[PDB]
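[1] need a 3D model of the sequence below.
(chains A and B, ligands or ions: 14)
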Amino acid sequence: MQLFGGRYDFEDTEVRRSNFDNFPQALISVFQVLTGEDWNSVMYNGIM
Amino acid sequence: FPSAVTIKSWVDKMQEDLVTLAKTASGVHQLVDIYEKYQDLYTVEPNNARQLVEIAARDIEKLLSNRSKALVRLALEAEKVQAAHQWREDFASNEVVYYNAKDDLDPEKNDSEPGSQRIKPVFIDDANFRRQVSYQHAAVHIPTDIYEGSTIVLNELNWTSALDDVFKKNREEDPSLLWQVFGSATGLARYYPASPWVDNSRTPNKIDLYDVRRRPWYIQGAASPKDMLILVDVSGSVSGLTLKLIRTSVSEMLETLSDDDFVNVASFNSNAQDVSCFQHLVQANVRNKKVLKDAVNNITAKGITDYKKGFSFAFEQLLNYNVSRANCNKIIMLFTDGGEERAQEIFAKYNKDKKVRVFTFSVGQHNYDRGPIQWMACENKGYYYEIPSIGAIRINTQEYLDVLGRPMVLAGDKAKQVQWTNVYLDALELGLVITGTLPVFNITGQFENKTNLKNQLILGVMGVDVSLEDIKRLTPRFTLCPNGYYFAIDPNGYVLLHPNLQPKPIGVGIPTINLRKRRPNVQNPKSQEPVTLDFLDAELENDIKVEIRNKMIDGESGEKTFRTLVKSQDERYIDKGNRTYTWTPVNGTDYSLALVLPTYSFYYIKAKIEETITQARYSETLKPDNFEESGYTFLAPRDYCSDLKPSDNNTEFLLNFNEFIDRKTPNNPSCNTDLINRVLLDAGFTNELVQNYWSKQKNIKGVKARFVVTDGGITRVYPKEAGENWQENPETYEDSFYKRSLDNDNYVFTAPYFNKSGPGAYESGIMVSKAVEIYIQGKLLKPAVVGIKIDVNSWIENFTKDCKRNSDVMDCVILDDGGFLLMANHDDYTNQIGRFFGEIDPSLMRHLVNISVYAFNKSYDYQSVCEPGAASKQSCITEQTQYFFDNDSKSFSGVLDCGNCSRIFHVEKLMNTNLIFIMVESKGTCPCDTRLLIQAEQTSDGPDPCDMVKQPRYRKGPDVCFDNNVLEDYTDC
Ligand SMILES: *[C@@H]1O[C@H](CO)[C@@H](O[C@@H]2O[C@H](CO)[C@@H](O[C@@H]3O[C@H](CO)[C@@H](O)[C@H](O)[C@H]3NC(C)=O)[C@H](O)[C@H]2NC(C)=O)[C@H](O)[C@H]1NC(C)=O
Ligand SMILES: *[C@@H]1O[C@H](CO)[C@@H](O[C@@H]2O[C@H](CO)[C@@H](O[C@@H]3O[C@H](CO)[C@@H](O)[C@H](O)[C@@H]3O)[C@H](O)[C@H]2NC(C)=O)[C@H](O)[C@H]1NC(C)=O
Ligand SMILES: *[C@@H]1O[C@H](CO)[C@@H](O[C@@H]2O[C@H](CO)[C@@H](O[C@@H]3O[C@H](CO)[C@@H](O)[C@H](O)[C@@H]3O)[C@H](O)[C@H]2NC(C)=O)[C@H](O)[C@H]1NC(C)=O
Ligand SMILES: *[C@@H]1O[C@H](CO)[C@@H](O[C@@H]2O[C@H](CO)[C@@H](O)[C@H](O)[C@H]2NC(C)=O)[C@H](O)[C@H]1NC(C)=O
Ligand SMILES: *[C@@H]1O[C@H](CO)[C@@H](O[C@@H]2O[C@H](CO)[C@@H](O)[C@H](O)[C@H]2NC(C)=O)[C@H](O)[C@H]1NC(C)=O
Ligand SMILES: *[C@@H]1O[C@H](CO)[C@@H](O[C@@H]2O[C@H](CO)[C@@H](O)[C@H](O)[C@H]2NC(C)=O)[C@H](O)[C@H]1NC(C)=O
Ligand SMILES: *[C@@H]1O[C@H](CO)[C@@H](O)[C@H](O)[C@H]1NC(C)=O
Ligand SMILES: *[C@@H]1O[C@H](CO)[C@@H](O)[C@H](O)[C@H]1NC(C)=O
Ligand SMILES: *[C@@H]1O[C@H](CO)[C@@H](O)[C@H](O)[C@H]1NC(C)=O
Ligand SMILES: *[C@@H]1O[C@H](CO)[C@@H](O)[C@H](O)[C@H]1NC(C)=O
Ligand SMILES: *[C@@H]1O[C@H](CO)[C@@H](O)[C@H](O)[C@H]1NC(C)=O
Ligand SMILES: *[C@@H]1O[C@H](CO)[C@@H](O)[C@H](O)[C@H]1NC(C)=O
Ligand SMILES: [Ca+2]
Ligand SMILES: [Ca+2]
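    Numbers count the residues shown, from 1 in each chain, chains lettered A, B, ... in the order given. Ligands and ions are numbered 1, 2, ... in the order given. Pasting the structure now:
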């Protein structure tokens, strides 16, 4: 939440559901990275 | 250097030789004599500038009243039929039979949509419709993204069918009606007669984006003029997709405003400010809307939200009253995402009376609270909308007009007044038209007052199209001078009718495209704006024309005679001539009609031919068999009769005219006898001149071709070998040299074009023309224009035989009023004849315009073809410059210096001609060159639009409008 909070303000129409905008969504994203499923997309979103 | 006496003698010899050449070759006095020799085959009739305008205004008023009668019929019948609709739900039993436009014409389509039955029309071709139309039934247009077969849609197609009988009755009462259309509030459009839609759905790679709710006539008839203020949230939280959607939505909302509406866009993030250089409400015409769109597509999101500051700013801007305003519908449109403060104190402080509507928009997908903005919406008599994606923008940014029409509905029969839109381009490719609108109310249980809930909205708008060609048929111009014309104006300054109004759309700014972001298969939109051209932008602006326009805007009738600067038909010259303006108001409507007549045009020639054999001889005269004997003849494609039609092909049109006059008698039971008689008389006179005078001297040394152009539409070029070199319009009323010769009182030299394919430099020759002046009973008449084409080489020999061929010491040139080169002295400029002098000698040209021997001034052309730059063809503004003589002084002398040089010049003006003689030292004496003086259409973007809004042109908005009714419910959001 501190790092990528509200920084997903991408102008494009593409939707990124795994973000860190509030606490429940940050928990879900961290858990998803933990299970390892599709964590590279989260990393790419954070990089961009 | 040669002195003044020598040069006076030289130029006097040249002017005498040229004047004698033109006078004794063209034969002006011969034509004058034969015009004055008869005085019995025609009569001289006055052109009363007062009676003509009254007659034309009455005809226009009667046509518009006729058109409005067919509107009230449609409105009443639609209301009555809809009041008794049943609203069923199961349509699979009794299908709905209708003809859906933009569907394929194949009988094997096998649509078989549940609940609808199709129709296959016959589609005969038609006139007054340059399409194929069917008069049996009416076509239905449903937008692409709106599903046909819905319960809402199928119910509209069920009760609206009853309009076909009224459509057919309207046509049979007046067979000249154009499209009659009902625009439904559900997106439907039922128009008559049936005709296939211009852009079908997906048979080609293209699609159509046509919603009747966004058309200018529907928007005009659906509500009253607005005072809109768009308040955009640019706080930090709108960063991302919601900012982009906000920008697109603001542009789309601006697309729904007209010239009676006043708009301004403001933004706020902890501080409220305007987005552009306007700072108050502006007229919301094409230019101001373009500026607002450009400013809106530049906002960034940064800061903290503060609704109180933004609403205070918006209300203060709505309370200005220092500027021009619609003064009817004060509304605020808030574009945000969500918040937590509803700002009750601001609304209590500023509109406790609820004189301002607040429409709120929630843009994007977000988790912010939307309750506060819904409360803001339906506390202040407004509405609340959600725009989550791009597909929602078009439908959500136009539905605010349902709310604004509630007072108009509650007014009742007071609001059923016919309004006429601005000039625009028909969606079915018919030309420039205007539409008359009338709203249709929903009256269900009107006599019992049961619901009255959805009765607060309109059913739709009825429209009837009138083409500008229909109006122009009521203002005939062939008894007038080529310089005379009609023009009609709005109570907005815009021209309904003008010679300079063209079917092209009005251009704005400079067209910039990015070819690298352009997919090949996407079908981008083209244009939807109306053709609004101000009166001052269609002619040369003058301090008296502004007074005349202001006087005829506010319904006043008067007359005025004054001196004015007249731009030529081709934008290369400017002439000074007396003109008389006579104007009167059209009673039924808000238009004002004026007739511009020069002097020498108050009387015209009316043929009095009554001998059939003479008519036959004059008719056979203009036969192609003896073009060798009587000279090649051209005929103006005028509407002599309704059977033969112009066909942009003069040989076959002349053949059709000949067989038409020879086959059936010239008694003309249904044709125009006056035009035909005038044409025959002029043909006979021109032939008499050709046979008696031009034929005697078949070959003349310096003369290449001899031409005569007369009123009526007869043009004769004596050498048939010179016929194919004649590039002038067969219509004599569109020939620039004709009008220039009419204005001037001497011989006029027209410089040939440059960089144009075809024989125009040496194989055609220089054109000199003069206007024939005759006196029948002491009355001015200028019926014909005669002139010759002079050899370039013979003129060169006349010139050289100081000023010597290819002289390296002295340059001697001849220019016309306009700075175009006509005769050089070194055979390098001579090859580039017809150029502006500033293209070859910019320093001397600039000094000449500075010593005040040449006067110039600039104007803007708002309907031009432009090539997009990098920052096919598009439309923009081009700046035009024309040069002309200023004083009557003949001889000017001086020295011009460019970088410690000294070139002595002495210009002299040729008497009784629009020419000028210049001598100067060679350009090799001083190699100086600053920059060329371009005289050409230059792509432009001016004027600066947010300096015109400080002192805008006089305007008179509508005086009757409906808002703030007590009975309105306003419990919806
Ligand atoms: C510039 O070119 C002109 C034509 O290209 C020349 O004009 C010709 O000049 C002739 C000499 O004056 C004229 O002859 C005269 O014609 C009139 C009627 O046409 C007669 O009454 C005169 O008697 C006759 N002159 C004599 C001595 O008999 C030509 O008519 C005239 N051409 C035309 C078409 O009118 C100029 O001569 C030439 N400039 C110079 C300086 O030579
Ligand atoms: C909208 O569609 C409906 C259904 O297609 C139309 O209603 C139909 O109207 C016709 C003629 O008005 C009715 O025919 C009549 O039938 C009675 C017998 O019941 C007969 O006595 C009459 O002489 C006539 O033939 C038809 O019954 C009726 N359909 C239903 C289901 O009631 C309606 O007219 C359409 N709307 C408009 C504006 O046309
Ligand atoms: C013009 O106004 C009238 C009344 O204000 C509208 O008539 C009403 O139309 C609605 C549909 O929007 C009808 O509601 C429907 O009722 C049926 C049952 O009859 C129900 O099954 C549907 O789900 C829906 O609720 C309503 O009954 C009807 N009222 C009357 C008195 O006819 C009419 O639609 C308006 N015209 C247009 C073009 O919108
Ligand atoms: C426009 O509105 C402003 C509102 O401030 C007017 O300006 C005031 O006018 C009164 C009139 O006597 C003066 O006493 C004030 O000093 C003015 N205030 C300012 C800040 O100038 C103004 O008169 C209105 N009209 C125009 C044409 O500006
Ligand atoms: C319709 O237009 C005509 C213009 O011809 C008006 O007729 C003139 O109106 C003025 C102003 O009232 C009078 O001074 C003239 O005497 C009228 N002329 C004639 C020949 O009667 C007429 O008034 C207009 N209609 C209405 C209702 O105003
Ligand atoms: C069109 O050209 C005329 C030239 O006559 C311009 O009018 C002159 O403008 C200057 C500059 O103000 C004045 O000093 C002259 O007195 C004006 N001439 C007359 C006869 O009044 C006019 O401004 C030009 N129009 C445009 C739009 O540029
Ligand atoms: C207007 O309608 C009337 C009545 O039919 C008719 O006499 C008149 O010619 C019409 N006017 C025009 C301009 O069509
Ligand atoms: C225009 O009118 C004035 C005054 O009536 C007159 O002096 C002038 O000669 C006229 N212009 C022309 C070209 O005749
Ligand atoms: C235009 O005219 C110029 C002469 O100044 C010539 O050099 C050039 O080739 C011409 N171009 C075209 C397209 O005619
Ligand atoms: C050119 O015009 C300007 C404008 O008044 C003037 O000041 C200047 O002196 C002129 N140039 C010359 C060489 O006279
Ligand atoms: C013509 O120009 C001269 C300056 O070269 C000027 O003095 C004169 O007044 C002008 N003639 C007019 C205005 O009639
Ligand atoms: C004009 O003056 C400049 C600087 O004094 C000089 O360089 C130039 O050569 C002069 N012009 C000519 C034609 O000599
Ligand atoms: Ca995986
Ligand atoms: Ca915010």
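[2] now do the contacts for the closest residue to ligand 1 within the stretch 451-600 of chain B.
    Nearest residue of the stretch 451-600 of chain B to ligand 1: residue B:573, at 25.7 Å (Cβ to the nearest ligand atom). The C-beta positions use only the backbone N, C-alpha and C, and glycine is treated the same way. Going by Cβ atoms under 8 Å, 6 or more residues apart in numbering or on different chains, residue B:573 touches B:567, B:740, B:817, B:818, B:882, B:884.
[3] can I get those residues in JSON lines with neighbour count, secondary structure and distance to residue B:963?
    Shown next, in JSON lines, are these (neighbours: other Cβ atoms under 10 Å in any protein chain shown; DSSP: H, G, I helix; E, B strand; the rest coil; distance: Cβ to Cβ, whole Å):
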{"residue": "B:567", "neighbour count": "18", "secondary structure": "strand", "distance to residue B:963": "44"}
{"residue": "B:740", "neighbour count": "25", "secondary structure": "helix", "distance to residue B:963": "54"}
{"residue": "B:817", "neighbour count": "24", "secondary structure": "coil", "distance to residue B:963": "57"}
{"residue": "B:818", "neighbour count": "22", "secondary structure": "coil", "distance to residue B:963": "55"}
{"residue": "B:882", "neighbour count": "22", "secondary structure": "strand", "distance to residue B:963": "48"}
{"residue": "B:884", "neighbour count": "18", "secondary structure": "strand", "distance to residue B:963": "52"}
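[4] grab the two from the residues you listed that are most spread out in space.
    By the measure Cβ to Cβ, B:567 and B:817 form the most distant pair in the contacts of residue B:573, at 13.1 Å.
[5] if we can go back for a sec, just curious, which of the contacts of residue B:573 is nearest to residue B:937?
    Nearest to residue B:937 out of the contacts of residue B:573 is residue B:882 (Cβ to Cβ; 11.5 Å).
[6] so how far is the top helix by length along chain B off the chain centroid?
    Counting residues, the longest helix found in chain B (DSSP state H) is helix B:49-83. Relative to the centre of its chain, helix B:49-83 is centred 24 Å away, using Cα atoms, centre = their mean, to the nearest Å.
[7] okay, now the residue in chain A positioned nearest to ligand 3: neighbour count?
    Closest approach between chain A and ligand 3, counting by Cβ to the nearest ligand atom: residue A:13, at 33.3 Å. Using other Cβ atoms under 10 Å in any protein chain shown, residue A:13 has 10 neighbouring residues.
[8] from ligand 2, how far out is it?
    From residue A:13 across to ligand 2, the span is 42 Å (Cβ to the nearest ligand atom, to the nearest Å).
[9] where's the residue in chain B positioned nearest to ligand 8, which helix or strand?
    Of all residues in chain B, the one sitting closest to ligand 8 is residue B:578 (3.7 Å; Cβ to the nearest ligand atom). Using DSSP states H and E, residue B:578 maps to strand B:574-585.
[10] mind listing what that strand pairs with, with the direction of each?
    Applying DSSP bridges, strand B:574-585 is found paired with strand B:558-567 (antiparallel), strand B:592-598 (antiparallel).
[11] does that strand reach ligand 11?
    No: Strand B:574-585 lies out of reach of ligand 11 by Cβ under 6 Å from any ligand atom, never closer than 13.0 Å.
[12] between that strand and helix B:49-83, how many degrees?
    50 degrees (axes from the mean of the first three to the mean of the last three Cα atoms, to 10 degrees).
[13] identify each buried residue in strand B:574-585, please.
    B:574, B:575, B:577, B:579, B:580, B:581, B:582, B:583, B:584, B:585 (16 or more other Cβ atoms under 10 Å in any protein chain shown).
[14] do stretch B:459-473 as well
    B:459, B:460, B:461, B:462, B:463, B:464, B:465, B:466, B:467, B:468, B:470, B:471.
[15] any idea how far that stretch is from the chain center?
    Centre-to-centre, stretch B:459-473 and its host chain are 17 Å apart (Cα atoms, centre = their mean).
[16] and what of stretch B:389-399?
    On the basis of Cα atoms, centre = their mean, stretch B:389-399 sits 31 Å off its chain's mean C-alpha point.
[17] what does stretch B:895-908 give?
    That offset, for stretch B:895-908, works out to 45 Å (Cα atoms, centre = their mean).
[18] near ligand 11, anything from that stretch?
    No: using Cβ under 6 Å from any ligand atom, we find that stretch B:895-908 stays clear of ligand 11, coming within 10.2 Å at best.
[19] span of that stretch from start to end?
    Terminal residues of stretch B:895-908 are spaced 15 Å apart (Cα to Cα, to the nearest Å).
[20] can you list contacts of that stretch?
    Contacts of stretch B:895-908 (Cβ under 8 Å, 6+ apart): B:1, B:4, B:7-8, B:11, B:843-844, B:847-848, B:853, B:890-894, B:916-921, B:925-926, B:928, B:930.
[21] who are the neighbours in contact with residue B:715?
    Contacts of residue B:715 (Cβ under 8 Å, 6+ apart): B:633, B:634, B:635, B:707, B:708, B:709, B:726, B:728, B:730, B:732.
[22] helix or strand for it, which one?
    strand B:714-717.
[23] and the most centrally placed residue in chain A, what does it touch?
    Taking Cα atoms, centre = their mean, the centroid of chain A lies closest to residue A:19, which sits 2.7 Å from it. Residue A:19 makes contacts with A:4, A:8, A:25, A:26, A:29, A:45, as judged by Cβ under 8 Å, 6+ apart.
[24] what's the nearest residue in the stretch 401-550 of chain B when you look at ligand 7?
    residue B:474 (6.8 Å).
[25] relative to residue B:597, how far out is residue B:562?
    13 Å (Cβ to Cβ, to the nearest Å).
[26] ditto for residue B:194
    Separation of residue B:194 from residue B:597 (Cβ to Cβ) stands at 44 Å.
[27] helices of the stretch 601-750 of chain B, start to end?
    B:612-621, B:627-630, B:650-663, B:673-689, B:736-743 (DSSP state H, counting those that start in this stretch).
[28] counting contacts, what elements does the first one pack onto?
    So the one you mean is helix B:612-621. Applying 3 or more Cβ pairs under 8 Å, 6 or more residues apart in numbering or on different chains; DSSP states H and E, we find helix B:612-621 packed against helix B:650-663, helix B:673-689.
[29] report the angle between that helix and helix B:650-663.
    Going by the same axes, to 10 degrees, helix B:612-621 makes 160 degrees with helix B:650-663.
[30] got a list of contacts for helix B:612-621?
    Outside helix B:612-621, the residues that reach it (Cβ under 8 Å, 6+ apart) are B:609, B:630, B:658, B:661, B:662, B:666, B:677, B:680, B:681, B:683, B:684, B:687.
[31] the residues you listed, buried ones only, as a PyMOL selection?
    In PyMOL syntax, the buried subset of the contacts of helix B:612-621 is picked out as below (16+ other Cβ under 10 Å):
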select buried, chain B and resi 609+630+658+661+666+677+680+681+683+684+687
